[PDB]
Amino acid sequence: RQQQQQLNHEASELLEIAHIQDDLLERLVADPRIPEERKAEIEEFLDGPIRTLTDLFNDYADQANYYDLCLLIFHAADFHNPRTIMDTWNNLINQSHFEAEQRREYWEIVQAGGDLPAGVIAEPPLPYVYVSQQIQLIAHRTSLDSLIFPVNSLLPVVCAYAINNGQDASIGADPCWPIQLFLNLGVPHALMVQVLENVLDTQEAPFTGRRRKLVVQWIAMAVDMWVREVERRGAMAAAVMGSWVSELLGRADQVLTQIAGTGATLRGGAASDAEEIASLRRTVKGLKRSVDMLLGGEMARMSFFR
Amino acid sequence: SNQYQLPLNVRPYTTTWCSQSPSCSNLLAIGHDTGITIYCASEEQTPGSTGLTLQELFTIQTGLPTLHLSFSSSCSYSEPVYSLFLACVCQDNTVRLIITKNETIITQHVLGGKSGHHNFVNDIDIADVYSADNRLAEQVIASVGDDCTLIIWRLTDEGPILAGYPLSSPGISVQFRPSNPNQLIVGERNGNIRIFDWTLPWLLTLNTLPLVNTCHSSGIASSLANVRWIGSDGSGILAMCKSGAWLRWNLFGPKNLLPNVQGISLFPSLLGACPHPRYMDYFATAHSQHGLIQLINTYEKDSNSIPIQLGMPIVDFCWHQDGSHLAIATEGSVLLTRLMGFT
Amino acid sequence: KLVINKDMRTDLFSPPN
Amino acid sequence: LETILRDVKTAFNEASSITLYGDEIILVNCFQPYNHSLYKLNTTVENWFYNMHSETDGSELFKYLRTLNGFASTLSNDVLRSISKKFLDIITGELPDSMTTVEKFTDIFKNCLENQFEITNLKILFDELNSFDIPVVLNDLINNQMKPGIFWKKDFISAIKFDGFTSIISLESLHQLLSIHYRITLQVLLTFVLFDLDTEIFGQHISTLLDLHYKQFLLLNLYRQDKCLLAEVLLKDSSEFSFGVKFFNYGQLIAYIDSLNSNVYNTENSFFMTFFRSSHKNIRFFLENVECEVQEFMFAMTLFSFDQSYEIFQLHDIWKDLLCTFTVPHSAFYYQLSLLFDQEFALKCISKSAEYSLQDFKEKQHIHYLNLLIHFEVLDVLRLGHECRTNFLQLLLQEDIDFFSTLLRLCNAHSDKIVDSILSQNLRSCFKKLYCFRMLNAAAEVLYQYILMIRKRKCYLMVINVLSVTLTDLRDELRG
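Residues numbered from 1 in each chain as written, not as in the entry; some residues may be left out. Chains lettered and ligands numbered in written order. Part of a larger assembly, values for the part shown. Heavy atoms only, no water. Residues with missing side-chain atoms left out of burial classes, pairs and counts.

- Its PDB header attributes the entry to cryo-EM and lists the resolution as 37 Å.

- Chain D appears in the PDB entry as NUP160 from Homo sapiens.

- The name that the PDB entry assigns to chain A is NUP155, with the source organism given as Homo sapiens.

In structure tokens, the structure reads:
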């Protein structure tokens, strides 16, 4: 069995590298922004024996700014470097945002009569939709167990992008879209709330001032899903949550009381979000109630008939 | 090193030994988000590696954050009962003197509002002043803030005497002179350093900004971190910039024309220098953000000594009076570490 | 085994020789 | 960096040619594109500044300034900074308005100057100082040289379009002038703290100087904090000259710079704080400084962008939200703060406001408080409160559903209509039976019987104990 596994493992690693190399070669040959003279040179060195991950990264993936394949390379190489990983995530998000904005612009010109730039093939997804498509494609290929998904660093970055680029209600997007994304991808509920707590305590920009209203809304949505999950898992077994989650919702209520007060005394006139915040207060209290009941004994009596 | 945990919900802001009063020098106070906690340091048998362990005695609840903390000479022990006097700064921008018998606050004085500082308070210190007859005549607290004010708050026999003095810039540190309570030092953010006789213009102003050796440019913004007296007669003055640049002047003989010595720490010193209570030429400074501590010798005996590196940020630190032990508050704990060389 | 070396590469956007 | 920056600058500035801008303006064009040097005719005061160690002759005022500099130049930078700070403190009130001038000067002396200078230089300065007719020289310095002129508009050619060149040349020139002013003002003030000059006779001058020093400091601070912003607020200050200026000779230029000086020494502070808010760190010095009702609120919103902020705000009484809050004018303010930090500050403010207040507002506040508490008792409180929007409560309890159960148990223990019914319905929506029973403490019995229609024995038993006809039936069933 040992000799079998060692060969199955060598073939699995070399197959992972080979697919990366094939994805690169195909993309480079098809890229409009690559001169023909270079493409023939790329085809010579990549359509043959499998190359090392260093070369694939330095000589090709990094030169062409294929940041998604850079991340797959950091995964195949067991690359321990959080800072470079996050730099690559930041470049991939920004590159995709600019590409989505460009395609929506070209569209708006068609729907208005103008002419596109020469050699531009004529309702493309909003930028936050194309961005999260890129995150999904990588996650399914790396399985979320990778070091290219440090949720403690990657979730705040994605939330930062949503704020600093208005990927919120103004354009008709769900303001909780970053949370939906990582939950559906299979991030455990406890880890989400744990990170969101750290976002709220440290107050790193842009998560500052009255925009912590949005952080509280993410916490509300995450805890809500967590509660639903626990209730579902209890019914499941008929046929972890600590007091820290309750404390976190209390502080969240205090943040909302602070934001509303500051909003009422702003220069130029009171803030327009008065009832929007009052609603969030009710939701947060409802969640603290549910969490308090579960913590207080209703969680050990979930498999029992009522 | 031995490590002693602070309570789980206690965030430390400041750490100081009761070196100011020999009766209580084994008392350690931690100012935190709900008050001030007192620990006792004792010689266990241990191994005589760290022949010193920390025993947590009690916690004084105040209900709000404590950012700066100073024991007074008035501290005493009895059998058992501790009689404490603490100067500190609170979240309401008040400066307070709290007098206790153990964890129970029997007495409290508060200086705040408009009569107090008109901006953030950056530093505080306390000294006991006695008359000629040698009863306790006054307790004197000095504090500096971002309202460009230095405040001298005297608590006397016939009651409080308040005085304010204007500064050319925010006050970032203040400390009475050792063996001479008639003199004190005040630090301005801009690099100005004031020597002051409060019993009385104020006697003298040095400045570190224009003195930077510039062999290595200390940078555009070299905001003054700290100035402290050194020696037991307060024979000297040491100033440290955020940049790590430090300078030392002595006060005796003949005429003087420049600072006596100058250097630069390996790292920035957000918290400033903490001079050794026994070896004038030595002081400690932290890279608070990465959790390293450099030990510097003024006459260059040092050659970059970094006895302390944690894998965590350092919130504050201070020397035990014995000169071989260090107490360090980090974000969730206090460590007592013994450097074998100083024994 | 990966080794990043941004120093000396080959200009991916320039022909050879 | 220090060195490379200096060298790069120096390189970029290598001189190449002369251009006579306007009629008579000497301009030098540098090796690096976008780099030019203007050579500006000095004003009187500038000539004094730039020729201390030279001017053979000079007027009385010059000689006076030279001697003041002769003393002040022996002090170090740290000392001088600490003195400047103290002079700010006199205006900010950090040196209380309660003190006499003599007392503030004494404070300053003891803290900053004592032991920090050579007594020999003091003697030199005192001697030299005794030759001057001080009131006259200070009069000429303050009221002629430094305090600029009232204009009846003296033709500063109004620019039709933004002129970036004249913009930066103006700002740099202003900065040089005010830096020089700053150094002079500080040296004179210094002489006022060191010697027994009648604090009453010179009371006017002293307060003018402390007023001027302060303004100087502020400007210079803003200059190095954000030049673009400073220029923008300083040119949108003058209405007719909103776009900028043109100058074709040295007189027009000097006159424009002086004009801006006037602006600084005399509507500006508000326009600039407003534009800024719409330089975080500086405005702390300058909300401790420049603030000393309106200043209070400014201090609040500035210190929020947390303890100090909340305290000040309460004691007294993003931009869009602030405007809304102003229009509303405590509840609104706290709600806004909470929203903006959504954290400790937020939660605290929200809780405090909610407490001080106690359909939409109520519900929102309640929900927020409950959520914050469950994140960090609260449940029972809110419930009893609202009882004394039913579906809302149904949803809140829906979120609540272990901690919730514990809280309910606690409430029941304490006790030992609408609320009861809602609870029963939610519970009806092992575990289930238990919760139902606990709450109803008939409902229990009914639920158990329904579920039954080891487990059997346990149920029958529980029923019999609770009842203590039914018992007989249960016994017979267990025996059958």
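### Some details on the overall build of chain D
- Looking only at helices and strands, chain D features 27 helices and three strands.
- Its C-alpha radius of gyration of 37 Å places chain D more than 25% over the 23 Å reference for a compact globule of 480 residues.
- C-alpha atoms of chain D, sized along the principal axes, occupy 130 × 55 × 45 Å. (Helix = DSSP H or I, 4+ residues; strand = E, 2+ residues; numbered from the N terminus. Rg over C-alpha atoms; globule rule 2.2 N^0.38 Å.)

### What to know about the pattern of salt bridges
- The partner of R248 of chain B in a salt bridge is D281 of chain B, with the nearest N and O atoms 2.4 Å apart.
- The partner of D211 of chain D in a salt bridge is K215 of chain D, and the shortest N-O contact between them spans 2.8 Å. In this pair, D211 of chain D and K215 of chain D are both assigned in helix α9 (residues 203-225), four residues apart and thus about one turn of the helix distant.
- Salt bridges sharing common partners tie together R210, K213, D273 and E276 of chain A. (Salt bridge = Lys/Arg side-chain N within 4 Å of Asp/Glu carboxyl O.)

### Quick look at the packing of helix α11 (residues 243-264) of chain A against helix α17 (residues 331-341) of chain D
- With their axes 1 Å apart at the nearest point, α11 of chain A and α17 of chain D run at an angle of 125° to one another. In terms of axis orientation, α11 of chain A runs oblique to α17 of chain D. Relative to α17 of chain D, α11 of chain A is oriented so that their crossing is right-handed. Here α11 of chain A contributes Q254, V255, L256, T257, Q258, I259, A260, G261, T262, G263 and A264 of chain A to the contact with α17 of chain D, which in turn contributes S331, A332, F333, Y334, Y335, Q336, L337, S338, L339, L340 and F341 of chain D. (Axes fitted to C-alpha atoms, helices over the stretch in contact; angles between N-to-C directions. Parallel < 35°, antiparallel > 145°, perpendicular 65-115°, else oblique. Left-handed = near helix turned anticlockwise from the far one by under 90°. Contact = heavy atoms within 4.5 Å.)

### A short note on the interface of chain A and chain D
- If you look at the interface, chain A gives 74 residues, while chain D gives 81 residues.
- Contributions of two or more residues to the side of chain A that touches chain D are made by α10 (212-238), α11 and α12 (274-298) of chain A.
- When residues of the side of chain A that touches chain D are assigned to their parent elements, the largest contribution, 23 residues, is made by α12 of chain A.
- When the residues that make up the side of chain A that touches chain D are grouped by side-chain class, the tally is 31 nonpolar, 23 polar and 20 charged. (Nonpolar A, V, L, I, M, F, W, Y, C, P; charged D, E, K, R; others polar.)

### Quick word on the arrangement of the chains
- Counting contacts across all three pairs of chains found in contact, the highest total belongs to chains A and D.
- In this assembly chain A lies apart from chain B, the nearest approach of their C-alpha atoms being 11 Å.

### Looking at the environment of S269 of chain B
Residues and elements named next belong to chain B.
- With respect to the helices and strands, the residue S269 is situated in the loop between β22 (261-264) and β23 (273-275).
- Residues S269 and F283, spaced 14 residues apart in sequence, show a C-alpha to C-alpha distance of 12 Å.
- Excluding residues that lie within four positions of it along the chain, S269 makes contacts with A225, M240, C241, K242, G244, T285 and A286.
- In this structure the side chain of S269 is engaged in a polar contact, spanning 3.0 Å, whose partner is the backbone nitrogen of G272.
- For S269, the side chain forms a polar contact with the side chain of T285, separated by 2.9 Å. (Polar contact = N/O pair within 3.5 Å; in protein donor to acceptor, adjacent residues only side chain to side chain.)

### Some thoughts on the interface of chain C and chain A
- With 12 residues of chain C at the interface, the matching set in chain A holds 18 residues.
- Its residues assigned to classes, the side of chain C that touches chain A comprises seven nonpolar, two polar and three charged.

### Observations concerning the sheet that holds strand β28 (residues 325-330) of chain B
All names here are of chain B.
- With respect to topology, four strands assemble into an open sheet ordered β1-β29-β28-β27, the strand pairing being antiparallel. The sheet is open, and its two borders are formed by β1 (2-5) and β27 (314-319), each paired with just one other strand. Within the sheet, the average angular offset between the axes of one strand and its neighbour, ignoring direction, is 20°.
- Relative to strand β29 (residues 333-338), β1 runs antiparallel, the two being bridged by four bridges. Pairing of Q3 across the sheet is with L335, part of β29. (Pairing = 2+ DSSP bridges.)

### Details of the side chain of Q216 of chain D
Residue and element names in this part refer to chain D.
- Within the secondary structure layout, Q216 lies in helix α9.
- Engagement of the side chain of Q216 in a polar contact is seen with the side chain of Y265, the distance being 2.9 Å.
- Setting aside anything within four residues of it in sequence, one finds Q216 in contact with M146, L178, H181, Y182, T185 and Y265.

### Considerations on the pairing of strand β3 (residues 27-32) of chain B
Residue and element names in this part refer to chain B.
- Bridge count between strand β2 (residues 12-17) and β3: five bridges; the pairing is antiparallel. Bridge pairing links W17 to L28 in β3.
- The pairing of β3 with strand β4 (residues 35-42) spans five bridges and is classified as antiparallel. Its bridge partner lying in β4, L28 is registered against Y39.

### Here we look at the packing of helix α1 (residues 2-30) of chain A against helix α3 (residues 53-61) of chain A
Residues and elements named next belong to chain A.
- α3 packs onto α1 with a crossing angle of 15° between their chain directions and a minimal axis gap of 11 Å. Comparing their axes, α3 and α1 come out roughly parallel. Seen from above, α1 lies across α3 with left-handed handedness. Only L53, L56, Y60 and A61 of α3 make contact with α1, whose side of the interface consists of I17, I20, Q21, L24 and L28.
- When grouped by side-chain class, the residues that make up the contact of α1 with α3 number eight nonpolar, one polar and no charged.

### Remarks on the environment of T67 of chain D
All names here are of chain D.
- Mapped onto the elements of the fold, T67 is located in helix α3 (residues 60-72).
- C-alpha separation for the pair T67 and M52, spaced 15 residues apart in sequence, amounts to 9.2 Å.
- Discounting chain neighbours no more than four positions away, the residues touching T67 are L125, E128, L129 and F132.

### Let's talk about the pairing of strand β3 (residues 36-39) of chain D
Residues and elements named next belong to chain D.
- As defined by bridge partners, strand β2 (residues 25-30) adjoins β3 across four bridges and the pair is classed as antiparallel. By the bridge assignment for β3, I26 is matched with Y39.
- Connecting the antiparallel pair β2 and β3 is a turn made up of five residues, with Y34 showing a positive phi of about 80°.

### Overview of the packing of aromatic side chains
- Ring geometry for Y282 of chain B and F342 of chain B: centres 5.5 Å apart, planes at 90°, overall edge-to-face. Highlighted residues: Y282 of chain B in strand β24 (residues 282-287) and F342 of chain B in the segment after β29, separated in sequence by 60 residues.
- One aromatic cluster in this structure is built from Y279, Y282, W319 and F342 of chain B.
- Just above the ring of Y130 of chain A sits the side chain of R103 of chain A; from NZ or CZ to the centre is 4.5 Å.
- Above the ring of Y223 of chain D, the side-chain terminus of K227 of chain D is found at 4.5 Å from the ring centroid. (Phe/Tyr/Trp six-rings, centres within 6.5 Å; stacked < 30°, edge-to-face > 60°. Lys NZ or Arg CZ within 6 Å of the ring centre and 35° of its normal.)

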